[PDB]
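Asker: Here it is, the structure in full.
As a convention, Cβ positions derive from the backbone with ideal geometry for all residues, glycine included, and neighbour counts pool all protein chains shown. Every read-out reported here was derived from the displayed coordinates using simple, explicitly stated rules and does not represent laboratory data.
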Amino acid sequence: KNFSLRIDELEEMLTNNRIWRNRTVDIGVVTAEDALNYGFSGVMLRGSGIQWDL
Amino acid sequence: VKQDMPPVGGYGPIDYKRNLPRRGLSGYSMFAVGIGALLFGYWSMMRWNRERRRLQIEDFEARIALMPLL
């Protein structure tokens, strides 16, 4: 019950911060074909728009 | 028997969605506040700099009066 407020606090502290944003706008970009061909699994696939969850 | 069980009515709702407040003035308000502070500072600096120029002129004319004996 009380953990979602901490999640909201963290998401305010990092997501909308401009300094945190500018470190991760277009860094480490991967494509779906190179996501599947390199054996990536989980969030990486879900980072690239691939819809897959076990 | 006795065991770890949720109560008869169950547990209450738990919040799990994002809740950002969305707060502060509109940008026109801070722009107007900054512009008004700029104008007030400009006016006060104008008045005090004119007074300082008058005082400097007074001191210089005192120096000019004092010069011949020195």
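Asker: Under unit Cβ charges (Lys, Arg +1; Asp, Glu -1), what dipole magnitude, rounded to 20 debye, does chain B have relative to its Cα centre?
Answerer: So the dipole magnitude of chain B works out to roughly 240 debye.
Asker: Something else about it: Under a crude label model (7 Å from the Cα following the beta-carbon direction), how far is B:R63 from A:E12 in nanometres?
Answerer: Here the answer is 5.8 nm between the modelled labels.
Asker: With angles folded into 0 to 90 degrees, how steeply does helix A:3-14 sit against the dominant principal axis of chain A? Use alpha carbons for both and round to 10.
Answerer: The angle comes out near 80 degrees.
Asker: Regarding chain B, what is the average projected area of its C-alpha convex hull, in nm²?
Answerer: 13.7 nm²
Asker: Quick check: the angle from helix B:27-66's long axis to the longest principal axis of chain B, C-alpha only, nearest 10 degrees?
Answerer: The two axes meet at around 20 degrees.
Asker: So if I take the centroid of the Cα atoms in the stretch B:22-68 and the same for chain A, what is the distance between those two points in Å?
Answerer: That distance is 52 Å.
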